[PDB]
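Only one chain is given next, in structure tokens, and it is the form deposited in one PDB entry.
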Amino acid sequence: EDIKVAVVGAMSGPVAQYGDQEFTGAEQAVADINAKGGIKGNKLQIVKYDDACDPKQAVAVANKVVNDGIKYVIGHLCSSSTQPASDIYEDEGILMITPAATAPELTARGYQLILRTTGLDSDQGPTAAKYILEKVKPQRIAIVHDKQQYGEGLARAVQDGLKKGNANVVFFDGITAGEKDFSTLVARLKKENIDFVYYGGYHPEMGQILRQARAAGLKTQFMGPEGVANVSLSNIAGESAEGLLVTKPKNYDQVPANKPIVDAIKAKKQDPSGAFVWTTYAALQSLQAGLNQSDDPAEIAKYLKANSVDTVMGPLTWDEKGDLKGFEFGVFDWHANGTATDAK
């Protein structure tokens, strides 16, 4: 009979866009897998859970998944939501594969049932720093973040890499997620003649910062991580998004072999351009490879760590703590278009 797989992410709230990408990828992977026969004739079925990328709700969802008897979780997306949920999953023998959480701490605590189909900010942060030091070469930098594990973690990593390269960081400070009035920020950037800003956070905040900065006549060059590289950023900022530098996973939707998946998704009037469509599809493929060997969570995790799995992201390989080996974030130019081109 049917095999239940929880797909957990932000299906509502300020960053619902992340959940949209996730579900789109999950839905297509499950349809593709079941069309080919499922797991030895057994069909896979997705059970959608909304954690709104809110830590307290992610904890409620984790407990509900356990109580619903589901043993495999594709998900949770935000780092600060994924980590407390992983504590429950590890304690309850539930396999958890996140297609989007990037904070290093998630996998630095000895957990055996946690894996990822995305990279680490201990790689994403230095990639940004290096690019700024080698290609951008700005004169007066400011680093802003939203005080959350993800954003503040990247902000600190970039600050450390810039300090190490003798860059002039004029200020480092956080703002509150949810904030829409960035007038004092814009004024400080203007007053202190800041030509470059790295923002560690998500698209709702980045979008407003960009609009207001441009409305105030600022020519400052901004840069942000993959949490900012999506169509919702472009919809919020409009023309203020052109010029934005971002670090993000490769454009898997442009890999020729993936075209059928792209066409199938477009065919449903869904967006196949978001990175989490692909990291999530890949997570389902990883779960598929393991379910073909065993239905036990620890055996699946052990199997995946000992064997590569071919996916829409290419062949994935994991280390003993559950991280992808050799994953790389690229640096791109984002456009009001909602598209990304490799930065020079």
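Sequential numbering from 1, following the sequence displayed.
J.: Which of the two stretches, 125-133 or 71-79, shows the higher mean Cα temperature factor in the record?
T.: Mean C-alpha B-factor is greater for 125-133.
J.: Select between 90-98 and 160-168 the stretch whose C-alpha atoms have the higher average B-factor in the entry.
T.: So the stretch with the higher mean C-alpha B-factor is 160-168.
J.: Going by the deposited entry, which of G151, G110, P260, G274 has the highest CA temperature factor?
T.: Answer for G151, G110, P260, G274: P260, with the highest C-alpha B-factor.
J.: Go through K219, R116, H145, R188 one by one and give the residue whose Cα B-factor in the PDB entry is largest.
T.: When the deposited C-alpha B-factors of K219, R116, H145, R188 are compared, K219 is largest.
J.: Going by what the PDB entry lists, where does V255 fall on CA B-factor within its chain: lowest, middle or highest third?
T.: As the PDB entry reports it, the C-alpha B-factor of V255 lands in the highest third of its chain.
J.: Ranked by Cα temperature factor within the chain, is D323 in the lowest third, the middle third or the highest third?
T.: CA B-factor rank for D323: lowest third.
J.: What third of the chain, by the recorded C-alpha B-factor, contains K43?
T.: Ranked within chain, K43 CA B lands in the highest tercile.
J.: Place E27 in the lowest, middle or highest third of its chain's C-alpha B-factors, as listed in the PDB entry.
T.: Answer is highest: the recorded C-alpha B-factor places it there.
J.: Ranking every modelled residue in this chain by its Cα temperature factor as given in the entry, which third contains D181?
T.: Highest third - that is where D181 ends up once the chain's C-alpha B-factors are sorted.
Beyond the structure shown, there is the form deposited in another entry, which is absent from this document and is the topic of what follows.
J.: Can you say which of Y198, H203, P249, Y89 is at the hinge when one rigid part swings against the other between the shown form and the other one?
T.: Evaluating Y198, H203, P249, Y89 against the hinge definition gives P249.
J.: Using the form shown as baseline, tell whether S234 and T279 are closer or farther in Cα-Cα distance in the other entry, where the change reaches 3 Å or more.
T.: Those two alpha carbons end up farther apart in the other entry.
J.: How does the C-alpha distance between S12 and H335 change in the other entry compared with the present structure, closer or farther, given a change of 3 angstroms or more?
T.: The answer is farther, because the C-alphas of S12 and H335 separate from each other in the other entry by 3 Å or more.
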